[PDB]
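Here you get one chain, nothing else, as structure tokens; it is the form deposited in one PDB entry.
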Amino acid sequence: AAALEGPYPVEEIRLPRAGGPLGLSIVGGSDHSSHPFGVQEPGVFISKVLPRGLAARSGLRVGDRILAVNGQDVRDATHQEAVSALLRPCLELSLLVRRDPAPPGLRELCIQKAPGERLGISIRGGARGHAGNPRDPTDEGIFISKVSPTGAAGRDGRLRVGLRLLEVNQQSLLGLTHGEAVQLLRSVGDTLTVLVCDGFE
């Protein structure tokens, strides 16, 4: 019946469709791992909400679990099925969402890299090579494994071993392999903007 035994509030949020973009990003599905949004129970989650965007104005937050889209159950829908349902022409986009909490210790860190200075960290994970979380093998998250005092992260001090990496310079690492994440972390300029939450501290 899809209502409403959860400890988190379930709300039906409508988004006006007047030609503009949704201004939201989703992760998860029936074929995608959604850590750290779906640990106990997997599903479709909103990973990113653009500021001053349509979703932001409507009241959508990061970490919201999408239960239904215009009446259609999307709890066990494919990622592409969720996308198609959101981008589907309708008078009013109705979203049944549950207010699941945002990832623990979610914070955006900015790190300055001096000229000729490396970042000085090693990462573990993630997709197609799950190893980042040895305690939770099913997790394809990307974690910081080592932190060198010589690098920019050591001079910063905010990065520590165990933190989960979510975004690197406005690019989600969710679903990416180890090599793809390394490549993104190497291709950054003198400024590293990373979305970080707690991992296996």
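The first residue of the shown sequence is 1; numbering continues from there.
Between the two ranges 84-92 and 123-131, the one averaging a larger CA B factor in the entry: The deposited B-factors put 123-131 ahead on the C-alpha mean.
168-176 or 29-37, whichever carries the higher mean Cα B-factor: Mean CA B-factor is higher for 29-37.
Highest recorded Cα temperature factor - choice among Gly162, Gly63, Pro149, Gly141: The listed residue with the largest C-alpha B-factor is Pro149.
Of the residues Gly59, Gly154, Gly53, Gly43, the one carrying the largest Cα B-factor as recorded: Of the candidates given, the C-alpha B-factor peaks at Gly53.
Third assignment of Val97 from its chain's C-alpha B-factors: Lowest third, going by the recorded CA B-factors of the chain.
Ranked against its chain, the third holding the CA B-factor of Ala1: Highest third, going by the recorded CA B-factors of the chain.
What comes next is about the form solved in complex with a partner chain, which is not displayed.
Of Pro21, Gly189, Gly179, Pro9, the one that lies within 4.5 Å of the partner chain in the entry with it bound (heavy atoms): Of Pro21, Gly189, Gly179, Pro9, the residue with a heavy atom within 4.5 Å of the partner chain in the entry with it bound is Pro21.
Candidate from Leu91, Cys110, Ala114, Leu87 lying within 4.5 Å of the partner chain in the entry with it bound - any heavy atom: The option sitting close enough to the partner is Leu87.
Complete contact of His79, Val83 and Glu167 with the partner chain in the entry with it bound (any heavy atom, 4.5 Å): Yes, each of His79, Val83 and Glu167 comes within 4.5 Å of the partner chain in the entry with it bound.
Which of 56-64, 150-158, 130-138, 22-30 lines the interface with the partner chain in the entry with it bound (heavy atom within 4.5 Å): Stretch 22-30 is the one.
4.5 Å heavy atom contact, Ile142 to the partner chain in the entry with it bound: Because no heavy atom of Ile142 falls inside 4.5 Å of the partner chain in the entry with it bound, the answer is no.
is_contact(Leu174, the partner chain) in the entry with it bound, heavy atom dist at most 4.5 Å: Judged by the heavy-atom cut-off of 4.5 Å, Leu174 is in contact with the partner chain in the entry with it bound.
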